[PDB]
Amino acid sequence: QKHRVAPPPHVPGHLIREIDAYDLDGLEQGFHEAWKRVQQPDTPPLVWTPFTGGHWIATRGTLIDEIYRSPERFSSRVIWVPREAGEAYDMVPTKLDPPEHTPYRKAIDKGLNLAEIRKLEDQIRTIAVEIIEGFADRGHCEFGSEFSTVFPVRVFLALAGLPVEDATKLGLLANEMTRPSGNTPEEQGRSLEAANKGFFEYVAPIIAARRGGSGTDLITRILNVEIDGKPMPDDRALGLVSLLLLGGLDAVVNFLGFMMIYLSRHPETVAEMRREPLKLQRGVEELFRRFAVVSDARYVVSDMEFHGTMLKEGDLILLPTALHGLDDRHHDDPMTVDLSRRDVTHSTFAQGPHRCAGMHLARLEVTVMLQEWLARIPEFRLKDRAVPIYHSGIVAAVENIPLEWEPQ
């Protein structure tokens, strides 16, 4: 049964569209394909859905980009739908606007900046190689369970100085954050609340132990950056360390799944990467344009008119980032990966002050993955008649990716 909310007085009937972000129409054909169904040639730039507590959806890249760049008009005080889940959300600094946001982003950047991430290249490669060598000679693997859910998790837990045996419990918490269970806005609120508490419980003893610590891990490094000339307060620390874990463990895992399904269906594109290693390296951003996974929200700060649409203070707008990278008004033939594409502009990492702090790490993980994969498994395909299983939500997910190849 679908839960509907009635539209508020300011929402006109002509803008109403029945779109369920947690179970998109057509999702069985793919997450990206399902979102693209919403973006028809004449659909309005902002449409309102009665599902998920009732909210707006931005349907074009220019709006998505503009909203992310405009925190004074579109606040991060709520960035999840439904509203109940967004109000329960307690991660730092994603819940903050400038200027409160900036010293915390500065702290994170101390650990995740490009120069710091470059130092990680060989550790990441060693991890990728070890995993790939486990199955490269076999001629088949289920890519999700055997690689994409393994590689980025081992990378991040190592970087954070945490036991790999914690992967399962952290993954379960991530699932309920980004794809909370429930068929009602209040049920999803409760699911997110419990997940966020689980993260806080996990992170608290680590914080207590690493304050003033001498560890070289990511958490110690960021935790001990001063905020306004003082140690970071406890409440902020819980949200900050929890966000590092959530950011590091869900998005890349799912991104790799979507990317690999495409590559398994496009051997010409794989072959180009093999023949021209610089095309691979320079082409990674095109993969980020094509395989967006995040759809999150902003809070309308004041009554306003925006792109010809009347908005009220407190309205939530969902930003499905796939609708920037795949917007046909921004990119010709947007569903094809063209490694030589000159304009790859996208909001896969969002825009503005919150633009992904882990983007350098994400790019490096993907680059290293493709390099070590193609070195050992140069050609591959999706198993005949295989059907991947898709999930939509704040972060998209995919599973069941059986790959086959002739061992080289």
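Residue numbers run from 1 along the displayed sequence.
On average, which has the higher Cα B-factor in the deposited entry, 177-185 or 256-264?
For C-alpha atoms only, the mean B-factor is higher in 177-185.
Which wins on mean Cα temperature factor, 317-325 or 153-161?
Stretch with the greater average CA B-factor: 153-161.
Looking at 80, 288, 299, 104, which has the highest CA B-factor as recorded?
104 has the highest C-alpha B-factor of those listed.
Per the entry, which of 209, 293, 311, 112 tops the list for Cα B factor?
209 has the highest C-alpha B-factor of those listed.
Quick one: classify residue 332 as lowest, middle or highest third of the chain based on its Cα B-factor.
Its C-alpha B-factor, which the entry lists for residue 332, ranks in the middle third among residues of this chain.
Sorting the chain's CA B-factors, does residue 394 end up in the lowest, middle or highest third?
Within its chain, residue 394 is a lowest-third residue by C-alpha B-factor, going by the deposited values.
Chain-relative CA temperature factor third for residue 384:
It falls in the top third of the chain.
Relative to the other modelled residues of the same chain, rank the CA B-factor of residue 218 and answer lowest, middle or highest third.
It belongs to the highest third of the chain when residues are ordered by C-alpha B-factor.
In terms of the CA temperature factor given in the entry, to which third of its chain does residue 280 belong: lowest, middle or highest?
It falls in the middle third of the chain.
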